Amino acid sequence: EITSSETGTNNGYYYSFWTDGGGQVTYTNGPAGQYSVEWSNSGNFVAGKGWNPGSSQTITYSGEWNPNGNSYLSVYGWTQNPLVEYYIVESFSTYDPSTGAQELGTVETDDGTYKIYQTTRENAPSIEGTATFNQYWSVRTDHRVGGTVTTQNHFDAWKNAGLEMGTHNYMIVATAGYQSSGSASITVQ
Ligand SMILES: [Zn+2]
Ligand SMILES: [Zn+2]
């Protein structure tokens, strides 16, 4: 359906499709909370459906995620003032996003354990344009596709660990890839 970056609202869900234009990345909206993405020798992309703005709602999602190479399935979003990109990583394939970060703790929620990390990005694409911003990570120890994410438990754990959150911008269930191929079909319930 679309092959270049776009945001909108479809069947009552915010959607964000971002690609740096590398290889081929194809996104489609489905009924209700559903989206599909297919990608071949991609650059960096992030795609999904959810809310704008995010509250700190309990997310339920279903579907399938079939990467061949580097990909993450995550609750993904932004805060503003301060500018923060955050990830609650449910699965990653061939590359752990927290590589080269101090573990700041763990949080137990939704029948799993998540390792907490903070990174910085310098002169990087953001919802505000080229910027410097912190990235917060919750990375599940037992990878899964589907289930419940109690986002407030992650936000509270990050704040407990001294990681400041801003005003919530969007929050989506995202499929991310980098220099990989794959497909995914995800429904936000
Ligand atoms: Zn995995
Ligand atoms: Zn398992």
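Heavy-atom basis, side chains included; hydrogens, waters and symmetry copies ignored. Heads up: numbering here begins at 1 and tracks the sequence.
- Between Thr130 atom OG1 and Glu128 atom CD the span is 11.5 Å, to the nearest 0.5 Å.
- Across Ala131 and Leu83, no two heavy atoms sit closer than the pair CB-CD2, 3.8 Å.
- The two residues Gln189 and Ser62 have their closest heavy-atom pair at NE2-OG, 2.7 Å.
- Closest approach of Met171 and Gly54 over heavy atoms only: CB-CA, 3.9 Å.
- Taking the centre of each ring, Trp51 and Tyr170 stay at or above the 6.0 Å mark.
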message: Determine whether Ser4 and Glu6 satisfy the following criterion, side chain to side chain contact (heavy atoms under 4.5 Å, CB included), listing intermediate values before the conclusion.
response: CA-CA 7 Å; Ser4 40; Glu6 178 184 304; over 6 Å; no
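- Using modelled atom types, no side-chain atom of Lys115 and backbone atom of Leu104 make a donor-acceptor pair closer than 3.5 Å.
- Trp78 and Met165 fall into different hydrophobic clusters, where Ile, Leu, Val, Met, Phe, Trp and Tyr residues are linked whenever their side-chain heavy atoms come under 4.5 Å apart, directly or through other members.
- Under a hydrophobic clustering in which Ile, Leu, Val, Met, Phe, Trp and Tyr are joined whenever their side-chain heavy atoms come within less than 4.5 Å, directly or via other members, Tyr61 and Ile172 fall into different clusters.
- When all heavy atoms of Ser74 and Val89 are compared, the pair lying nearest together is OG-CG2, 3.6 Å.
- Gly146 and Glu90 make their closest contact through O-OE1, 4.4 Å (heavy atoms, listed as atom of the first residue, atom of the second, distance).
- With hydrogens and angles disregarded, no donor-acceptor distance shorter than 3.5 Å links the side chain of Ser42 to the backbone of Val25.
- Side-chain N or O atoms of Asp110 include one that pairs as donor or acceptor with a backbone N or O of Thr150 at under 3.5 Å.
- Scanning both residues, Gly43 and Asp20, for their nearest heavy atoms gives CA-OD1, 3.5 Å.
- The backbone N or O of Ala32 sits less than 3.5 Å from a side-chain atom of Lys49, completing a donor-acceptor pair.
- The closest side-chain heavy-atom distance from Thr109 to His154 is below 4.5 Å.
- Ring centroids of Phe45 and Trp18 are separated by 6.0 Å or more, keeping the two rings apart.
- Counting non-hydrogen atoms of other residues, nucleotides and ligands closer than 6.0 Å to CD of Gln135 gives a total above 12.
- Distance check, rounded to the nearest 0.5 Å: OG1 of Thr99 to OH of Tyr117 gives 8.0 Å.
- Remark: side-chain polar atoms of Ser181 are paired, donor with acceptor, to backbone N or O of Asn41 under 3.5 angstrom.
- Contact of the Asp142 side chain with the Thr113 side chain is not registered, since no non-hydrogen atoms from C-beta on lie closer than 4.5 Å.
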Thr19/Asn44 under side chain to side chain contact (heavy atoms under 4.5 Å, CB included): CA gap, chis, key distance, verdict: CA-CA 6 Å; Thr19 181; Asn44 269 296; over 6 Å; no
field: Residue pair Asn70, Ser180: steps toward the side-chain hydrogen bond (donor to acceptor under 3.5 Å, both in side chains) verdict
entry: CA-CA 6 Å; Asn70 178 11; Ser180 66; over 6 Å; no
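- Rounded to the nearest 0.5 angstrom, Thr7 OG1 and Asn52 CG are separated by 8.0 Å.
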- request: Assess whether side chain to side chain contact (heavy atoms under 4.5 Å, CB included) is satisfied between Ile59 and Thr151, documenting all intermediate values.
  value: CA-CA 7 Å; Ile59 297 175; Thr151 65; 3.8 Å; yes
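- You'll find the ring centres of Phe17 and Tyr27 inside the 6.0 Å limit.
- In this pair, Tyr87 and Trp137 present their aromatic rings parallel. The plane angle is below 30°, not in the 30 to 60° band.
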- request: Applying side-chain hydrogen bond (donor to acceptor under 3.5 Å, both in side chains), run through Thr106 and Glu108 and close with a yes or a no.
  value: CA-CA 7 Å; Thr106 62; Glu108 287 195 67; over 6 Å; no
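- Under the 4.5 Å side-chain criterion, counting only non-hydrogen atoms from C-beta, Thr167 is not in contact with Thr79.
- Side-chain contact between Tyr114 and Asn153: absent, with no pair of heavy atoms (C-beta onward) separated by less than 4.5 Å.
- Two residues are said to be in side-chain contact when any heavy atoms from C-beta on lie closer than 4.5 Å; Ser71 and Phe92 fail this criterion.
- No chain of hydrophobic side-chain contacts below 4.5 Å, direct or via other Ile, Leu, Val, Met, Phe, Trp or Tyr residues, connects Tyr178 to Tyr76.
- Hydrophobic clustering (side-chain heavy atoms under 4.5 Å, transitive across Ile, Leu, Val, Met, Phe, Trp, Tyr) groups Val75 together with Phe155.
- No side-chain heavy atom of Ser16 sits under 4.5 Å from any side-chain heavy atom of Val46.
- In this structure, CG on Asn134 lies 4.0 Å from CD on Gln118, to the nearest 0.5 angstrom.
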- prompt: Do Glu85 and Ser126 pass the side-chain hydrogen bond (donor to acceptor under 3.5 Å, both in side chains) test, and can you show the C-alpha distance, the side-chain angles, and the key distance before you say yes or no?
  reply: CA-CA 8 Å; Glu85 194 183 32; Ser126 82; over 6 Å; no
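- Residues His168 and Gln80 fail the side-chain proximity criterion, which asks for heavy atoms closer than 4.5 Å.
- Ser56 OG to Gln152 CD: the interatomic distance, rounded to the nearest 0.5 Å, is 4.0 Å.
- Contact of the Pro67 side chain with the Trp39 side chain is registered, since non-hydrogen atoms from C-beta on lie closer than 4.5 Å.
- A distance-only check finds a donor-acceptor pair linking the side chain of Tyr35 to the backbone of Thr175 [under 3.5 Å].
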- prompt: Does the pair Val107 and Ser138 meet the rule for a side chain to side chain contact (heavy atoms under 4.5 Å, CB included), with working shown?
  reply: CA-CA 8 Å; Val107 59; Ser138 264; 4.1 Å; yes
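- Put simply, the residue from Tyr136, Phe133, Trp158 that forms a ring-ring contact (aromatic ring centres under 6.0 Å, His included) with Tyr86 is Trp158.
- Within a 6.0 Å sphere centred on CD of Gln57, heavy atoms belonging to other residues, nucleotides or ligands number more than 12.
- A chain of hydrophobic side-chain contacts below 4.5 Å, direct or via other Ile, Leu, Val, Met, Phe, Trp or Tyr residues, connects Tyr15 to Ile186.
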- prompt: After noting the C-alpha distance and the side-chain angles of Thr28 and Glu1, does the key distance pass the side-chain hydrogen bond (donor to acceptor under 3.5 Å, both in side chains) rule?
  reply: CA-CA 5 Å; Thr28 63; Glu1 183 82 63; over 6 Å; no
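- In this structure, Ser40 OG and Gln24 CD are separated by 4.0 Å, a value rounded to the nearest 0.5 Å.
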